[PDB]
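Since the structure comes first, as structure tokens, the remarks are kept for the end.
Labels below follow one simple rule: chain letters A, B, ... track the order of the sequence lines, proteins then strands, and each chain is numbered from 1. The figures here come from the full heavy-atom set of this structure, side chains too, leaving out hydrogens, waters and symmetry mates.
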Amino acid sequence: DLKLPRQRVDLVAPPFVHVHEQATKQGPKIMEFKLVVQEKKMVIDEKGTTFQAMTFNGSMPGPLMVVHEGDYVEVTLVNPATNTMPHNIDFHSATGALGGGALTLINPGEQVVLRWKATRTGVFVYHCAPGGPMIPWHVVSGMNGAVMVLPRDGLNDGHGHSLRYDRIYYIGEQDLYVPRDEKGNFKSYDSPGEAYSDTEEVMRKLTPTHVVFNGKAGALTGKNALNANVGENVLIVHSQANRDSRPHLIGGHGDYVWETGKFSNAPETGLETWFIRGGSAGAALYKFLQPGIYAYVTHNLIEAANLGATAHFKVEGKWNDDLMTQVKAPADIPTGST
Amino acid sequence: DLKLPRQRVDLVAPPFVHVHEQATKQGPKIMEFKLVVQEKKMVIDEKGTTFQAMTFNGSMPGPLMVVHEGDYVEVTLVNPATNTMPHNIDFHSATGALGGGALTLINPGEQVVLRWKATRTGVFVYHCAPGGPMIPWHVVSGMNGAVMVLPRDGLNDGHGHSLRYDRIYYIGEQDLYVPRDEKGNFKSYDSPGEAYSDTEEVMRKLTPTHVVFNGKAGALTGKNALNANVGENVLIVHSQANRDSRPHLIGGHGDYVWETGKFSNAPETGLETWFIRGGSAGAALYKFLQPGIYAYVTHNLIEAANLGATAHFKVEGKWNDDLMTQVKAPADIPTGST
Amino acid sequence: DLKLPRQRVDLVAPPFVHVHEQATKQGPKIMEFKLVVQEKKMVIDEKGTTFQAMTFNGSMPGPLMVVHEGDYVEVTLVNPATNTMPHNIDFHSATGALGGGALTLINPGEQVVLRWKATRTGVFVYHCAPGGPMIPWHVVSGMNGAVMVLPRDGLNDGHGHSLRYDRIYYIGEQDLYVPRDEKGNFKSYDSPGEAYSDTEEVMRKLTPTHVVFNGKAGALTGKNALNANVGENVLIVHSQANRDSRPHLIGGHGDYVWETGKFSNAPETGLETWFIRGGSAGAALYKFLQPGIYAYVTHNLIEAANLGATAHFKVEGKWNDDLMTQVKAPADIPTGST
Ligand SMILES: OC[C@H]1O[C@@](CO)(O[C@H]2O[C@H](CO)[C@@H](O)[C@H](O)[C@H]2O)[C@@H](O)[C@@H]1O
Ligand SMILES: OC[C@H]1O[C@@](CO)(O[C@H]2O[C@H](CO)[C@@H](O)[C@H](O)[C@H]2O)[C@@H](O)[C@@H]1O
Ligand SMILES: OC[C@H]1O[C@@](CO)(O[C@H]2O[C@H](CO)[C@@H](O)[C@H](O)[C@H]2O)[C@@H](O)[C@@H]1O
Ligand SMILES: OC[C@H]1O[C@@](CO)(O[C@H]2O[C@H](CO)[C@@H](O)[C@H](O)[C@H]2O)[C@@H](O)[C@@H]1O
Ligand SMILES: OC[C@H]1O[C@@](CO)(O[C@H]2O[C@H](CO)[C@@H](O)[C@H](O)[C@H]2O)[C@@H](O)[C@@H]1O
Ligand SMILES: OC[C@H]1O[C@@](CO)(O[C@H]2O[C@H](CO)[C@@H](O)[C@H](O)[C@H]2O)[C@@H](O)[C@@H]1O
Ligand SMILES: OC[C@H]1O[C@@](CO)(O[C@H]2O[C@H](CO)[C@@H](O)[C@H](O)[C@H]2O)[C@@H](O)[C@@H]1O
Ligand SMILES: OC[C@H]1O[C@@](CO)(O[C@H]2O[C@H](CO)[C@@H](O)[C@H](O)[C@H]2O)[C@@H](O)[C@@H]1O
Ligand SMILES: OC[C@H]1O[C@@](CO)(O[C@H]2O[C@H](CO)[C@@H](O)[C@H](O)[C@H]2O)[C@@H](O)[C@@H]1O
Ligand SMILES: OC[C@H]1O[C@@](CO)(O[C@H]2O[C@H](CO)[C@@H](O)[C@H](O)[C@H]2O)[C@@H](O)[C@@H]1O
Ligand SMILES: OC[C@H]1O[C@@](CO)(O[C@H]2O[C@H](CO)[C@@H](O)[C@H](O)[C@H]2O)[C@@H](O)[C@@H]1O
Ligand SMILES: OC[C@H]1O[C@@](CO)(O[C@H]2O[C@H](CO)[C@@H](O)[C@H](O)[C@H]2O)[C@@H](O)[C@@H]1O
Ligand SMILES: O=N[O-]
Ligand SMILES: O=N[O-]
Ligand SMILES: O=N[O-]
Ligand SMILES: O=N[O-]
Ligand SMILES: O=N[O-]
Ligand SMILES: O=N[O-]
Ligand SMILES: O=N[O-]
Ligand SMILES: O=N[O-]
Ligand SMILES: O=N[O-]
Ligand SMILES: [Cu+2]
Ligand SMILES: [Cu+2]
Ligand SMILES: [Cu+2]
Ligand SMILES: [Cu+2]
Ligand SMILES: [Cu+2]
Ligand SMILES: [Cu+2]
């Protein structure tokens, strides 16, 4: 019945994004994606703490899907028989049937194919939602990602000017709720099911033990810092499926920010810190002006420094002393000072 | 002195709203409302937990009041002698005297009459605020509602087009702080006064035990789901007098959202999730496009699924397979799959 | 190399603000400021609880700095030898080097001079950020303030009309994490270093013990209420370097609100409650219409009434009975009432 060209997309692991066009002259297509659920124990912090994760495509977050307004998105969701739980998928980009969740519940050993029309532009969360208490549990165990629906003319500034990014990164933020024993040490389990009761008790108190980008503390620091160059316009997509976040690029700004994440709304300009509502994605464009290390955080600095929620950018280029300079390096306070 | 027509409004219990006009050609009126304080033990969750509530008009939230810009609102607040505490009312819609609180403190057995001019458009919180620590306590015990001040021309999209709703629902969200005994069981008390000291200790840790719509977990699910039809434009007013919330309509969107709640500002379009600041009301318009069950949540999914904060809509009509379809029902993963 | 006039600014203690022009016809200048770090024990609540604070200029918040777009800001940061810790400064207004933090680390006995160009308009946080876990610790110990970068034409309403304030106040909100002993009493320490381990444990649970304006519960109540007069347009700058806040003026509104704090964006109009993202500053203009006491709160009322986060305004002038009046004072409920 639906007679449009089909195009298979190969997803890539975050924080990278599969290749796509910004502006396009192609008409609507059926864009075909496959997501495979993987339950697995994962390391989440720099001390080696593990937890019983549940993922799309083996990553936290799940991969970013990119389509254009008016495309149809045909998703094959696979639940391998090595998994233990039923899973499904809810797309906040989609209309009807609980975002798709009501049409995609699959037991281990099954797969399902859902199609939804990309009628709404922006970045959106997708997440597992099997029903009842299993909804938060699957989400905070890692089963969430995002999809971006671009306008066919690409981004604009809300004032008639095109905006184009040179690079795009997807930062998925995950609140985790890892049980502790009586002495405070994190507990380990042999399966997600065995971890559930203790995990739910932590969840109920609404205070995460970890808040991480790309699935673990330090994931996007060190050798996995995000690269850019002075002069490049970088789009930073940020999602949080369960809990608020307040992104901030230390040493930079958000030149154009869609904090509610929806491209039918003009962006705000020149933000220091923006706000991702739990259950949403947002996006910020920034043109780097200075080289060096930048930290990208949630600006609850306790979360950023002590719970895991810091990423780095490493930016190559020449320093601009007009924008900032060290006029005088550290020196003894003058004896004459009053 | 004030020589305008008077009109008595009969309030109705949430989530329903008393009858009103959107656009009106009537001039300003004195709109007369009565609110009666009721302290009573109420059931707040599906396990039967009770707590010592304090309400306007016997409901959590208090009822939605609807007037138009330039009306005067004359409120008789009654504190029956069967109550134990003084009460008052603060309207965030009003100007002066702590929103009215400084003019409306009444002991059991008394009533008072306040008039305020509706100079500011939007949805607004009203709440009790007797002074000092009694302010949060009365609010989180249930004494809060909302008022909507419509423009006389009704709503608009901020771009010169009228917006009209076919149905309106008021979702009041309440954070509750129910004491527990040493084993974790919720405690019961014979009066609000007896509950206070233990409740204040829970409040101080800023983590609710329950987060509910319309006064209890499951209030707006099952037989009390909210009705709509495909094609209807529904206004969903959401308030939270004490704590942030992040509304989301699962399977839908916010077509036009005033998350800060004030109609002098253009709405945002096409939101997945919006944000109600504690101490405010906001509103979202959505035109249903698909039949079926929708969940309406705060998108902290722990709160939604495990603390009480889920409502349902039941929407009648025909399914649109263009917007979404199950291409292939659950099936065994092909043996040929790699 | 940089050949512009220099102008030394003398800072003043919050909530007051050093003298400045709104609109200016002066060209860019190098605006010279000095900040001196002071570690000291401070009283934070009305029961006399102390904690080991760390400050810029002896105050929480640090003082508000005011410049205009295109000025250069040359900051001498001094770390006296009576201090125990290294310190630095990050300006969210600045571009590069982690906002300046990477160029300003000074040990006790040292000073440093940083210059940054004020290319971005708005109110912005500044804060200490020495590295790693020391970043949140220094911030939540008090080392944060704000800077305002005005447009050279002063404020506007985003619709081509100038806005001018008659008075400006800076409200810095501070979340504090004071350790308790086994009985719940707050602990005291002889130095910040000695307090660190116990403080970090409180910080990790993300629940402050105190939330205060101008450095202590009750700081801006009583004899230190903020003054205004009916008819005056007052700008209220609000910052929070670590944690969200939801400002509300009880009995008033935000006539023009930049909740994200950046003057390149039009303000929202007629807000009841606004939202300061942790790690940012915002600003609200309000023209007082009624005399009397106003409370200015974060509208988590538990925080406001029970954790310290209430300020007062005392507004002189004549009452306007058209906007609000007590039609009938408290009286016995009629025996005839049903
Ligand atoms: O002996 C506990 C000690 O070992 C580490 C090793 O990196 O991790 C183990 O224990 C953790 C806490 O139970 C588990 O999360 C993990 O699966 C297990 O390898 C340390 O983190 C831990 O302190
Ligand atoms: O807005 C994007 C997309 O949403 C649709 C529904 O699929 O329309 C919605 O939004 C419109 C514009 O705000 C409303 O006029 C309409 O009533 C609502 O359904 C598409 O028609 C539109 O392209
Ligand atoms: O946090 C409580 C208490 O637990 C201990 C181990 O007994 O450390 C645990 O908690 C720390 C904070 O989350 C972690 O860094 C560590 O991996 C974990 O074992 C104590 O050291 C701490 O005091
Ligand atoms: O890119 C940052 C990096 O560049 C160096 C020189 O290689 O210094 C530049 O950046 C500094 C600010 O971080 C400037 O103060 C300096 O003048 C400029 O040359 C490195 O020192 C620095 O890590
Ligand atoms: O015996 C306790 C058991 O009874 C229930 C009945 O629905 O409720 C009682 O106890 C609750 C906890 O103290 C009270 O909140 C309630 O008022 C009382 O009827 C169960 O909820 C409870 O587990
Ligand atoms: O804005 C609605 C309503 O507010 C009033 C005060 O009652 O005016 C306020 O807002 C105006 C428009 O932003 C400001 O110009 C004015 O100074 C401020 O008091 C009414 O006059 C107006 O209709
Ligand atoms: O939550 C702590 C602990 O308390 C118990 C009873 O001892 O259950 C209580 O708490 C649950 C979570 O809020 C409620 O569902 C229940 O109504 C309440 O009695 C334990 O079951 C729980 O482990
Ligand atoms: O309204 C939802 C309701 O309608 C039924 C048919 O009575 O199925 C419709 O809705 C489904 C999506 O929820 C579609 O997949 C289906 O094609 C459509 O007929 C019920 O099964 C469903 O509960
Ligand atoms: O004896 C404790 C008692 O004294 C007060 C006096 O105002 O403060 C002391 O103890 C506090 C808690 O340890 C300290 O914060 C403070 O430095 C010290 O003077 C009371 O607050 C306290 O309850
Ligand atoms: O926007 C204020 C200020 O920012 C600068 C950079 O210092 O420009 C940024 O913002 C511009 C307008 O949004 C973008 O066009 C530009 O690419 C970005 O660097 C200044 O040029 C501008 O005055
Ligand atoms: O809060 C727990 C418990 O501690 C006590 C003293 O044992 O009071 C402390 O905590 C109160 C709340 O923060 C403070 O008002 C007081 O300054 C502090 O000592 C108990 O009174 C309270 O029950
Ligand atoms: O400014 C508030 C202050 O003024 C007094 C008279 O001196 O009363 C005025 O304000 C009241 C509202 O707070 C009005 O109801 C009254 O009509 C008006 O005169 C004081 O009573 C009040 O504290
Ligand atoms: O180690 N995780 O259960
Ligand atoms: O059904 N999911 O665990
Ligand atoms: O400026 N960053 O914390
Ligand atoms: O049962 N409530 O006190
Ligand atoms: O005074 N109110 O409890
Ligand atoms: O999409 N709702 O959780
Ligand atoms: O008393 N403060 O450590
Ligand atoms: O290095 N600062 O404690
Ligand atoms: O209206 N103030 O809580
Ligand atoms: Cu799942
Ligand atoms: Cu969702
Ligand atoms: Cu009350
Ligand atoms: Cu209020
Ligand atoms: Cu410091
Ligand atoms: Cu910062």
Side-chain angles (χ1 to χ4, degrees), chain B residues 2 4-12 14-33 63-75 91-95 115-126 145-171 226-239 253-271 274 280-288, chain C residues 159 253 268-272 322-323:
Chain B
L2 220 212
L4 289 175
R6 287 166 169 281
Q7 178 179 336
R8 190 196 85 251
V9 175
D10 295 320
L11 289 165
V12 310
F16 305 100
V17 178
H18 69 82
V19 292
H20 62 278
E21 293 179 289
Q22 296 169 236
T24 187
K25 291 297 184 73
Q26 310 198 69
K29 289 191 183 174
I30 301 163
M31 303 299 297
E32 301 174 329
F33 295 86
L64 188 70
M65 301 163 53
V66 184
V67 303
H68 293 79
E69 186 177 7
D71 286 338
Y72 294 77
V73 185
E74 190 166 291
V75 185
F91 283 92
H92 288 187
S93 49
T95 302
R115 185 168 60 222
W116 55 269
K117 194 179 187 174
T119 58
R120 305 292 182 145
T121 65
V123 288
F124 299 84
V125 164
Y126 66 78
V147 50
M148 183 164 69
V149 179
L150 287 166
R152 286 194 178 282
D153 293 345
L155 302 178
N156 69 64
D157 72 349
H159 297 274
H161 315 117
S162 166
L163 298 172
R164 184 170 185 291
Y165 49 90
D166 299 298
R167 296 195 191 239
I168 179 176
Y169 295 114
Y170 174 34
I171 308 300
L226 304 176
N227 293 310
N229 295 288
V230 171
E232 289 177 346
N233 202 15
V234 178
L235 189 73
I236 309 168
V237 175
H238 197 114
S239 76
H253 293 91
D255 287 335
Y256 302 91
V257 184
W258 299 262
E259 75 173 22
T260 53
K262 306 300 166 286
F263 303 138
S264 58
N265 303 287
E268 292 176 279
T269 52
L271 299 196
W274 44 107
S280 73
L285 283 162
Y286 183 62
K287 174 178 307 163
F288 283 100
Chain C
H159 297 274
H253 293 91
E268 292 176 279
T269 52
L271 299 196
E272 68 189 305
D322 189 56
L323 286 171

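- Under a cut-off of 6.0 angstrom, the local environment of CG in B:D153 is sparse, with at most 12 non-hydrogen atoms contributed by other residues, nucleotides or ligands.
- Note that CD of B:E74 is 14.5 Å distant from NZ of B:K29, once rounded to the nearest 0.5 Å.
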Next item on the list: Could you please spell out the steps behind the side-chain contact (heavy atoms from CB on, under 4.5 Å) verdict for B:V75 and B:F91?
Entry: CA-CA 10 Å; B:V75 185; B:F91 283 92; 3.8 Å; yes
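- Among residues two or more places apart in sequence or in another chain, the side chain to side chain donor-acceptor pair (under 3.5 Å) test is passed with C:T269 by B:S264, B:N265.
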Next item on the list: Might you work through the side-chain contact (heavy atoms from CB on, under 4.5 Å) test for B:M148 and B:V17, ending with a clear yes or no?
Entry: CA-CA 10 Å; B:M148 183 164 69; B:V17 178; 5.9 Å; no
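- The shortest non-hydrogen separation linking B:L11 to B:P63 is CD1-CG, 3.8 Å.
- Of all the heavy atoms in B:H18 and B:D10, the pair that sits closest is CB-O, 3.4 Å.
- Ring geometry for B:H20 against B:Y165 counts as tilted: the plane angle lies between 30° and 60°, on a 0 to 90° scale.
- Every residue two or more places apart in sequence or in another chain that forms a side chain to side chain donor-acceptor pair (under 3.5 Å) with C:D322 is listed here: B:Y72, B:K117.
- Distance OG1/B:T121 to CH2/B:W258: 10.5 Å, rounded to 0.5 Å.
- Contact between B:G27 and B:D71 at its shortest, heavy atoms only, is O-OD1, 4.2 Å.
- For B:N233, the side chain to side chain donor-acceptor pair (under 3.5 Å) test picks out no residue, with sequence neighbours left out.
- Taking the side chain as every heavy atom from C-beta outward, B:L226 and B:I171 approach each other to under 4.5 Å.
- Between B:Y170 and B:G145, the closest heavy-atom pair is OH-C, 3.1 Å.
- B:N156 places none of its side-chain heavy atoms less than 4.5 Å from the side chain of B:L163.
- No side-chain heavy atom of B:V147 sits less than 4.5 Å from a side-chain heavy atom of B:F33.
- For the atom pair CZ of B:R8 and CE of B:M31, the computed distance is 11.0 Å after rounding to the nearest 0.5 Å.
- Summarising the geometry, atom CG belonging to C:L271 is positioned 7.0 Å from atom NZ belonging to B:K262; distances are rounded to the nearest 0.5 Å.
- Rounded to the nearest 0.5 angstrom, B:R167 CZ and B:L235 CG are separated by 13.0 Å.
- When all heavy atoms are compared, the tightest approach of B:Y126 to B:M65 is CE2-SD, 3.9 Å.
- Checking B:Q7 against B:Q26 by side-chain atom types alone, no donor-acceptor pair falls below 3.5 Å.
- Of the possible donor and acceptor atoms, one in the side chain of C:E272 sits under 3.5 Å from a partner among the backbone N and O of B:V125.
- With values rounded to the nearest 0.5 angstrom, B:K287 atom NZ is found 7.5 Å from B:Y256 atom OH.
- Looking at heavy atoms from C-beta onward, B:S280 lies out of side-chain contact with B:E259 at the 4.5 angstrom threshold.
- Taking 4.5 Å as the limit, some side-chain heavy atom of B:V123 sits within range of a side-chain heavy atom of B:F263.
- When all heavy atoms are compared, the tightest approach of B:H68 to B:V149 is C-CG1, 3.9 Å.
- C:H253 and B:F124 have perpendicular rings, their planes meeting at more than 60° on a 0 to 90° scale where under 30° would count as parallel.
- Proximity of B:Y286 to B:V234: side-chain heavy atoms (C-beta onward) are nowhere separated by under 4.5 Å.
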